[PDB]
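Next up is one chain by itself, shown in structure tokens, the form deposited in one PDB entry.
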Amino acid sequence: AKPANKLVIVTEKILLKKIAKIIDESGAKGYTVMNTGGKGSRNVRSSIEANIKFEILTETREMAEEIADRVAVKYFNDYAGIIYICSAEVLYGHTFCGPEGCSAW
């Protein structure tokens, strides 16, 4: 198992491409994204409502925080969105763990 940070970004659906681009530039090895609904309290939604949730597994905490900081500064003063982070362990993932595999021992 290889420790990882699962960065979750839940935001407005119109930001899908803009956020993916950031994730792609970050050096993160990939992402998962899904359609969700949400209700919030920040009261910032540009114009239950339909959102998207990204999940990005990163090798380091700093990479997760650099993504988070770049998304939030660039979009979250103007669009609704929340970003949080969970601890995970990756058991299998060719890209994430490299040809060497995620170990186990």
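Heads up: residue numbers just count along the shown sequence, starting at 1. C-alpha atoms forming the largest set that superposes within 1.5 Å between two forms make up the rigid core. Only residues modelled in both forms are compared.
In what follows, reference is made to the form deposited in another entry, a form of this protein that is not presented.
Student: Is it true that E25 shifts between the shown form and the other one by 2 Å or more at the Cα, once the core is aligned?
Tutor: It does not, since the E25 C-alpha is displaced less than 2 Å between the shown form and the other one after the core fit.
Student: Does the distance between the two CA positions of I83 reach 2 Å or more between the shown form and the other one, the core being superposed?
Tutor: It does not reach a 2 Å shift.
Student: Return yes or no for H94: a CA shift of at least 2 Å between the shown form and the other one, with the rigid core superposed?
Tutor: The answer is yes, as the C-alpha of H94 shifts between the shown form and the other one by 2 Å or more after core alignment.
Student: Return the sequence-ordered list of stretches, each of 3 or more consecutive shared residues, in which all C-alpha shifts are 2 angstroms or more between the shown form and the other one following rigid core superposition.
Tutor: Shifted run of three or more residues, which all move 2 Å or more: only 86 to 102.
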